Every structure is written in C-alpha cells, then in structure tokens.
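Below: one structure, written as structure tokens.
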Amino acid sequence: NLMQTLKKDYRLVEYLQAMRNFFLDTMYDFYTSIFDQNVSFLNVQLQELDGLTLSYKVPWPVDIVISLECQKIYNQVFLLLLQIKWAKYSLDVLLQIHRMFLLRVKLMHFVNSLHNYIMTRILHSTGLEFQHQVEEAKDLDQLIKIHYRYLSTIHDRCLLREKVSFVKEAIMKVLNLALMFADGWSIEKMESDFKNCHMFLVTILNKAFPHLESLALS
Amino acid sequence: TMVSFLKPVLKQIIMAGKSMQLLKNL
Amino acid sequence: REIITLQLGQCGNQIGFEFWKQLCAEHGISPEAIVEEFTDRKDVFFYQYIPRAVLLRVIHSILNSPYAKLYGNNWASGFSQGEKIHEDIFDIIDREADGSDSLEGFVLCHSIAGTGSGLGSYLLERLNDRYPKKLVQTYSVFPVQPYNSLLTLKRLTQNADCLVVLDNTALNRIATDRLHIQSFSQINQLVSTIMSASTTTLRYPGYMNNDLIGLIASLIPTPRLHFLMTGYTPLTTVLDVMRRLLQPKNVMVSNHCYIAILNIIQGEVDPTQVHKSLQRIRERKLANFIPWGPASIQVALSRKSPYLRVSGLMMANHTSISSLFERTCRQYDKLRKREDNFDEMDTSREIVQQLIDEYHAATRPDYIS
Ligand SMILES: Nc1nc2c(ncn2[C@@H]2O[C@H](COP(=O)(O)OP(=O)(O)O)[C@@H](O)[C@H]2O)c(=O)[nH]1
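Residue numbers (the deposited numbering), protein chains in the order written: chain U, 705 to 728, 733 to 744, 753 to 764, 796 to 842, 879 to 968, 979 to 1001, 1007 to 1016; chain H, 547 to 572; chain X, 3 to 40, 45 to 54, 60 to 67, 72 to 86, 101 to 142, 144 to 173, 183 to 221, 224 to 276, 288 to 306, 314 to 367, 372 to 402, 416 to 445.
Here's what the structure looks like:
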C-alpha cells in the first residue's frame, strides 16, 4: 500500500528520475558557459579546479530515501564527470607544423575512449538495470537497499574510492596533458612524456576488478 | 531479551509497523 | 546552438524540401507549421514554428506544395550573378544570423554538377570572410561538367570545415538493386533518410554528442583531410548492424584504409552488447586503419521518432575517396588539350593535385613529414 501511494502523491520515484537526469541536452549549455569565478553568476546560468558543490531540495516523504550523505556521492560523480567533459570539449572546440595534429589524434582519441567507457558502459548499464528494479519496489526498506546498492557500486566501477594514488592518479596526471596542450596553440618533450605515461597507464592497469578490461584495449 | 517464538517472521512485523505509521500521516 | 540550412539550384532546393518533408513528418509538426497534439528539443532546427531555411524556377514548385506555411550552365556564370546580389542575400542571412540567438553551423545542400555550383563557390569564400567562428559543413552532391566540378573542389578544399560526399552513380546503383526503378524524385528519398538520420543525436538529446562539433572533429585528423562518406544498410543485434555496414555494396561511393568510423544506432538495442561487438570487429578485423595513428571506431545510441525496427547509419573517412577525384581530374586533362585569362583554372588544378597527393601519402607508415 505504501509503495502504491508513493508512485504519485508525494511521487518519490518521479523525483528520483529527475535527480540522475539534471546531471550525468540541458547540462551541455551550462558547462560551456563556464569554459569561457562568481558564486551568484552561476545561479542565473543554471536557472537559465575541483569545486562546484551541487545540492538539491527533497520533501520529507522522500528525505528518508535520498539522505544527506547521499547527496555527496551524487556530487562526487558529477565533479569527476565534468573534468572529462572539459578535456573532451577543450580538445574539440578548436580546429613539424602539422606534427601537432598527430599529437591530437594520439590524444583526442584517448580521452574520448575513456568518456565512452564511464558514461555508456557504466553510467548507462547500471542505470538501465536500476530502473527495471525500482519499478518492482515492494517495501519501505528494500527500496533503500536497491538504491544504496546503486551508488556504492557505481562509485566502485568508476574508480574513485580506493587505489587512487595507485591507478586513479595516473588518469589524473595525464589529464593535465589535456590542459597544458590546450593552452599552447617543447613539442618533442611532450611525446616523451605522453608515450611514457600512457605506457605507464597500461603497464599499471595490466594487473586486471575484471570489468577494467573493457577499456584496457586502449 | 527476545522470544524466539515469533523470530522467524519478526522482520516482516517491524517493516510493516513502521511503514504503517508513515501512512496515517499522509 | 542552431544550424541554418541553405538550398541552392534545382538540386539543392529539391533535396532540402524532401528532407524538410520527412523531418516535419518525424517531428510532431503538421504540414501547416502548426503543432499537433498527439520530449524533443527542436529549437536548434526550428524557430517559434518556422524552419530556418534559405532557399535559392523551382520556387513555384515549392509554393504549389501544400507546405506553403513552412517558411546559363557555366560556373563563372554563377560566380558573377552572386556578386550582383551580394548584399541582397546576405541581409537575409544577417537578419537571421543576428536573428538567431547563438548560431552554431552552416549546412549546405548543393550539386556541383550548374549555377548552384557557382553560387555555392561564392558563399564559401564569403562566409569565411565575415563569420570566422562559424562551422561550415557541406552536403555536396557529385555526378563541360568537369570544369564546374573541379572549381567547386578548389573552393571546398580550404573553405568548408567539413564535407560529405554523395555521388549519384553509386546512388543510381541502389536505385535499381534494392528498389527496381530502371528517377530523380525517388533517389532523393534515400538522401533525405541519409540527412535526417545523420543529425538524430542533435534533435533528440542524449548523453554524448550534444553539438555538431562533437561528432565531426572525432573523424577529421587534419583540416586537409575533411572529406567523409556515409553508410546506411537497413533497407538483429548490434553486431549484425556494423558487419552489414562495412560491406562495400552499401557505401555511397563509387592500398587503402580508413581513418575513423562513427556509427549511429537508432533502435531499441541494449547498451550491454555494444562494447563486445567492437571486439569481434577487431578480432575478425574486417577493416584496417592508418598505420601511423591509433584509430578508433565510435558508435552512438539514439531514439527513433515516436510519431513515426532497428536501423543504423555509418559515417566514414576512407582514403579510397581519392579515386573519385582522379576520374574528373583525368577528364579535365582530357578536355584541356581537346577543347579572358584562363589562368584560374590552372590554379584550381594545382591545389586539387595537392589534396590527392596527400591521400596517397596518408595511408603510409611514414605520414609524418
Ligand atoms: N541525385 C540527384 N541529382 C540531381 C537532382 N536534381 C538535380 N540533380 C543533379 O544536378 C545537376 C544539374 O544541376 P542544375 O539544375 O543545372 O543546377 P542549377 O544550374 O543551379 O540550376 C544534374 O547533373 C543532376 O544530376 C536530384 O533530385 N537527385
């Protein structure tokens, strides 16, 4: 009965669908303005290096589901996602002289492949399964568990919890190559670094826990 | 501190009791 | 961020109108530009509803259609007439460009086979002049004709930001094979399908590819190699589609290797099986890439129009496109020694020679230098 009167009438499920939608279109125009700060400037933009804490307002009938420590995890994945959209768009908006372009495809590929992995293979696989699960909610408690078994797993597949200084930092430091090379528009000293860190990336990730092989091809 | 008489189903009680209290307020 | 369309000559006005027919058929917009009751962000391709169309004899034919509520043969001949109405047409562009909030691109439908090729040559040099931050993509159509063609190439080689080839001969082949027709009014039915499905990710928002610059620049490695060819087999899992796409019977083009592949999936396919399909494509190795740069294949999921079954489109950057140029090129050398300055024609012949000579070197293990 409770789940029945909770689909509408304090529609907790409807609110949940919007949550994972207003981040993870609309949010494309929002970030592009940030590329070219102030704390009030953003609000009118939204209503239209690692910060931008985002929150939301939830009514009491759904407060018990989307807890306070649940907002931060949803915020955690949003921060990291933008840095990927950043590097992906920074190397995209533009269009031994031509030798730079060979450093573009050798790089614009790699960040693009990673982005194809986090969003499609993870942020859409578990998402497609989660919706098929909540529509069979039959309990006050288990709806928390099926939900809590969606963040604590999406925070693991997207490598952000542990093994950060062992694996995650590698993707982080090579992301700085997406910033340095973007501004300049020394060249030989980039591939010596790039061919090293990229090989450092594969020769470290080679330990593969098993789902990492979906990107290990490149 | 608990009678095992109703233990094999106790979980289905609490999860029904508390869930019912949140219904009368709505 | 919107994209404005321009239809030139009989051809361009024909292909655009039919494309606007099906696009209005897919969307929930009645022919009378009035919304039908019966999820889609349509501000990019529609203005609140009137399309952002710039049409340029066939005008009577367009008006005679019930869609009236929706708004010589020399190349040098077209070039002269364009300067005559320079400010005449550019006011229509400027009233809409500045009339558009944030313009994003410039799509062009024109045939380089008479006057539209000359006028189209005029727009490119002119559009690069005024607007330096605006994308220019051209959906040019290919087949005294060698002359008009080769000039438009010279203009298209350095002006346009991208290019999508559509040759009539290969399209003529599909006309008989899978349709059994032998007609102009029928071949364009596929062209509209090629056009509409090309921009499906932009009209139906998803997670990836929310801007046209997001799609193209993944393919184009360098601004010189900005020529693309498409594929559309469905006329079934994700693996069945892509394998049907690499067959040369379907490619709309009449050693060699690819540069990059982008795929569009519009069905209800599951995102669980796409990453494995790429593996079987690599293991079985149905295609080769450049030996220098590590090339990748991309594929995007979308949503078919509910107001309208698994279909798909393929965009390719294949170095075999060089052969198409060499034919007309040979045809030019044919009529040059066969028959007031006649000097610009040699300048066009020099630059198009450069691009071809880059294709042949683009597929070598030493593309550097
Ligand atoms: N595939 C295809 N080609 C067309 C169509 N209409 C015209 N063409 C091509 O366009 C060329 C003639 O263009 P033309 O009418 O002279 O352009 P204009 O000089 O600007 O009016 C011919 O070679 C045709 O092959 C069409 O509907 N489909």
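Built from N, CA and C at the ideal position, the CB exists for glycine as well.
Assigned with DSSP and collapsed to three states, X/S233 falls in helix.
Of the residues U/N899, U/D966, U/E981, U/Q914, the one whose Cα lies closest to the Cα of U/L1013 is U/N899.
When the Cα atoms are used, X/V358 and X/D433 turn out to be separated by approximately 30 Å. Distance from the C-beta of X/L165 to the nearest heavy atom of ligand 1 is not below 7 Å. Of the residues X/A83, X/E116, X/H381, the one whose Cα lies closest to the Cα of X/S32 is X/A83. Any Cβ of chain H closer than 8 Å to the Cβ of U/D922 would place that residue at the interface, and such an atom is present. Annotation for X/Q332: no beta strand (DSSP E) segment contains it, and DSSP assigns it neither H nor E. Contact check for X/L266 and X/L253: beta-carbon distance about 18 Å, past the 8 Å limit, so the pair fails to qualify. Between X/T274 and U/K712, the alpha-carbon positions lie close to 44 Å from each other. Under the criterion of beta carbons closer than 8 Å, X/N15 and X/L66 qualify as touching, at roughly 6 Å.
The closest heavy atom of ligand 1 lies 7 Å or more from the beta carbon of X/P81. In the three-state reduction of the DSSP assignment, X/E4 falls in the strand class. Boundaries of the alpha helix (DSSP H) around U/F757: 755-763. With fewer than 16 other Cβ atoms from the protein chains shown falling within 10 Å of its own Cβ, U/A722 counts as exposed.
Under a 10 Å Cβ-count criterion, X/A437 is classified as exposed, with fewer than 16 other Cβ atoms of the shown protein chains found around its own Cβ. Counting the other Cβ atoms within 10 Å of the Cβ of X/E155 gives fewer than 16, which makes it exposed. X/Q325 is classed as buried because its beta carbon has at least 16 other beta carbons within 10 Å across all chains shown. Closer than 8 Å to the CB of U/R904 there is at least one CB belonging to chain X. Within a 10 Å sphere around the beta-carbon of X/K193 sit 16 or more other beta-carbons, which makes this residue buried. Cβ atoms of U/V894 and U/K835 come within 8 Å of each other, at about 6 Å. For H/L568, a Cβ of chain U is located within less than 8 Å of the residue's own Cβ. The Cβ of H/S550 sits no closer than 8 Å to any Cβ of chain U. At least one CB of chain U lies nearer than 8 Å to the CB of H/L572. For X/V171, the Cβ falls inside the 7 Å cut-off from some heavy atom of ligand 1. Placement of the Cβ of X/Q16 at a distance of less than 7 Å from at least one heavy atom of ligand 1 is found.
Contact annotation, U/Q761 with U/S741: C-beta distance approximately 5 Å; criterion of less than 8 Å satisfied. Distance from X/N347 to X/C316 at the Cβ level is roughly 5 Å; contact confirmed, criterion being Cβ atoms closer than 8 Å. Assignment of X/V203 by DSSP, reduced to helix, strand and coil, places it in the strand class.
A distance of 8 Å or more separates the beta carbons of H/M561 and U/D810. About 34 Å separates the beta carbons of X/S306 and X/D159, which is beyond the 8 Å limit, so they are not a contact pair.
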